[PDB]
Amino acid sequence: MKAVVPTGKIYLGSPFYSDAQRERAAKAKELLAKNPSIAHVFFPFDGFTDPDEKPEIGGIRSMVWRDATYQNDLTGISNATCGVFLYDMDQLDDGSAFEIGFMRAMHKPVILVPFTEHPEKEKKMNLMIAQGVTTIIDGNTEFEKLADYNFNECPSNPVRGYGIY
């Protein structure tokens, strides 16, 4: 069971708007970078340039750019052995959720690293995410577990203690 070489190929999915989300991603990268079970980590926001767009994030983008960028992400999922999603429970990212469903449809494991800045609200989760994810590591209290998690086999850890939406 002991890998002769790292085989964990990570698809790090995550929103990239607010500074918080930006901070989590930069850290998650630092953590995963210490994990000996990882061989490669892909982060989609690290892009394609359409020599025809005379372009802004959030603006109207060319179809060529859209296709190339969306494909770069699907390619990342294809090459990956598992997904790690810095999941924002406050501002739900539909892009991230899409990717989770896509990865599960491909039968790949998905580690959910939820984050919330509202401890007051009863921890609730949509069924699809709750039953779709294979392993959960609380981002607010276990973010560091990512540096040790064995990605060569991705041990399961069902979602529990969450009210199913």
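In case it trips you up, residue 1 is the first one in the sequence shown, and so on. Rigid core: the largest C-alpha set superposing within 1.5 Å between the two forms.
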Do the Cα atoms of 120 to 128 stray more than those of 96 to 104 in 4 other deposited structures of this protein, or is it the other way round, with the core held fixed? 120 to 128
What lies unmodelled of the deposited sequence between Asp46 and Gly47 amounts to 1 to 3
Deposited residues lacking coordinates between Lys54 and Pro55 (none, 1 to 3, 4 to 9, 10 or more): 1 to 3
Between 95 to 103 and 26 to 34 (mean CA B-factor, as deposited), the higher: 26 to 34
Determine, for stretches 138 to 146 and 8 to 16, which one has the higher mean CA B-factor as deposited. 138 to 146
Pick out which of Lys123, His40, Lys108, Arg61 has the highest C-alpha B-factor in the PDB entry. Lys123
C-alpha B factor of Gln131, ranked within the chain: lowest, middle or highest third? middle
